[PDB]
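Let me begin by presenting the structure, written as structure tokens, before commenting on it.
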Amino acid sequence: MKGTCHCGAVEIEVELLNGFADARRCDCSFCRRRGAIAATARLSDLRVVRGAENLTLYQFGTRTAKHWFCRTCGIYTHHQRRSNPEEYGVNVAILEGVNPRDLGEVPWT
């Protein structure tokens, strides 16, 4: 499944752990500001195809979670959850063929 930021500078290759069945929405001070809907993915299921040099890393608080976003279009691609260092949180909207609207209402973690 292909993932790409808007600028198109960044492209990932990720396999979702359990599809979109569990797409939630963290409402913490940071996630509430991101606004994206995420889905899990094992560390060994995500691969940065291109644009690794165009991504920005953001850490805070425990500096456990790793958040990445395209420096050009500012689009949040994925992040390394702070609850599970063996998982990634992916922006469903960057996934090819996925219109977030079609997911309908989604909870808030």
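If you go through region 62-75 and keep only what is crowded, with 18+ Cβ neighbours inside 10 Å and over 17 Å from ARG50 (Cβ atoms), you end up with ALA65, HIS67. For region 47-73, a residue qualifies if it is closer than 19 Å to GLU15 by Cα and outside any strand (DSSP E or B), and the qualifying residues are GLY51, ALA52.
Okay, residues lined up against (1) under 25 Å from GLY104 (Cα atoms); (2) without any contact (Cβ under 8 Å) to a residue 24 or more places away in the chain; (3) of a type in the set (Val, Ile, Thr):
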site	(1), (2), (3)
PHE30	yes, no, no
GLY35	yes, yes, no
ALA38	yes, no, no
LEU43	no, no, no
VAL49	no, no, yes
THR62	no, yes, yes
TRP68	no, yes, no
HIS78	yes, no, no
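The number of residues in region 74-90 that are under 16 Å from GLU13 (Cα atoms) and either hydroxyl-bearing (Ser, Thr, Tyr) or assigned to a helix (DSSP H, G or I) (or both) comes to 3. Here the condition is being surrounded by 15 or more Cβ atoms within 10 Å (Cβ to Cβ) and either part of a strand (DSSP E or B) or in contact with an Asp or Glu (Cβ under 6 Å, 6 or more places away or on another chain) (or both); of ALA41, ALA93, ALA36, it holds for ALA41 alone.
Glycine also receives a Cβ, built like all others from the backbone with ideal geometry; neighbour counts cover every protein chain displayed. Read-outs throughout are calculated quantities, based only on the coordinates presented, and are distinct from any laboratory measurement.
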